[PDB]
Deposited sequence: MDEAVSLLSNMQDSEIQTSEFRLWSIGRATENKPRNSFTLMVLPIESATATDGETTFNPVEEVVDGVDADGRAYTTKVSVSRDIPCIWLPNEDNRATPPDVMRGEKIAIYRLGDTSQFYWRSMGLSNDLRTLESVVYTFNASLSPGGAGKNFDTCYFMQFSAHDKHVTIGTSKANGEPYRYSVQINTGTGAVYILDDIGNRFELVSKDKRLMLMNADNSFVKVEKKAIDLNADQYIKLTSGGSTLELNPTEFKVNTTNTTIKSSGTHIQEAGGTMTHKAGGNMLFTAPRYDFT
């Protein structure tokens, strides 16, 4: 019966917490047939760039190639209740040349250590822009952004939701205030009616205009001021004063 020389050699227990940036795991074999074995990571799945953040005492499957010193460790997924901080990166390469820092792959990263969840893309295959969808749990924010300045923003400590583009035009909802900003113009359109604000003008073009102030009304011009009516012009007040 032909069987590969590469086989499950012994069930084991991790003797140490795997260091975050390490692929080696010290494992103690616990089957009756120093005492630790330095094992190389054997992934449970493809497209996972980081080994599991194995804690001391987790059940580990130790694989061995024949009688050689090539030992491998595979997480068995039976000791999840031991996990503390976990950071996992799933990578999907996006370059014609192989080899590879996330510069040549699309990825999704859950990092408790660095306190973010991020989906990011790369510019290694003709893509014009890079993107990131990030939940930043450290500062407290959700971002949707490219690499040229366009950004959706939810920032919790400032109670801010914002639509911001690369030209500093934005719609900002921060606390009890809303701020719109645009260097060329801001225009409201409803049917045939328009209201525009631009660096030199405030323009309204509509059918009927009604400006009601329960208190005072003030309109002041540094230059000339014109009132024009195709129909009758009406003034109603207890008295009229011309300075």
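If you line the structure up with the deposited chain, the stretches without a C-alpha atom are 1-15, 49-80, 148-150.
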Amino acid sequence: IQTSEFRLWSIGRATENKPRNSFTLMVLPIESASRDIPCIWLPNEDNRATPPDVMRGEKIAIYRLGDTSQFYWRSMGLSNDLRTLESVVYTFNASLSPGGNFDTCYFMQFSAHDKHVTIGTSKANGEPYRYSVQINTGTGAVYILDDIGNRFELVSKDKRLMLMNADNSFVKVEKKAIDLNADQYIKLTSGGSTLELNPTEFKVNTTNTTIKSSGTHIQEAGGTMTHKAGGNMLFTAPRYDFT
From here on, numbers count along this sequence of modelled residues.
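Higher mean CA temperature factor, per the PDB entry, when comparing 20-28 with 215-223: 215-223. In this crystal structure, the stretch out of 57-65 and 205-213 whose C-alpha atoms carry the higher mean B factor is 205-213.
The entry lists C-alpha B-factors for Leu180, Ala49, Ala33, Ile40, and the highest of these is at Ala33. Ranking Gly77, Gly140, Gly120, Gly100 by Cα temperature factor from the entry places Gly100 first. Per the PDB record, residue ranking by Cα B-factor puts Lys157 in the highest third of the chain. For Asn125, the recorded CA B-factor ranks within the lowest third of the chain. Only modelled residues enter the ranking. Among all modelled residues in this chain, the alpha-carbon of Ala229 has a temperature factor (C-alpha) in the highest third. When all modelled residues of the chain are sorted by CA temperature factor, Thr104 is found within the highest third. Among the modelled residues of the chain, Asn44 sits in the lowest third by CA temperature factor in this PDB entry.
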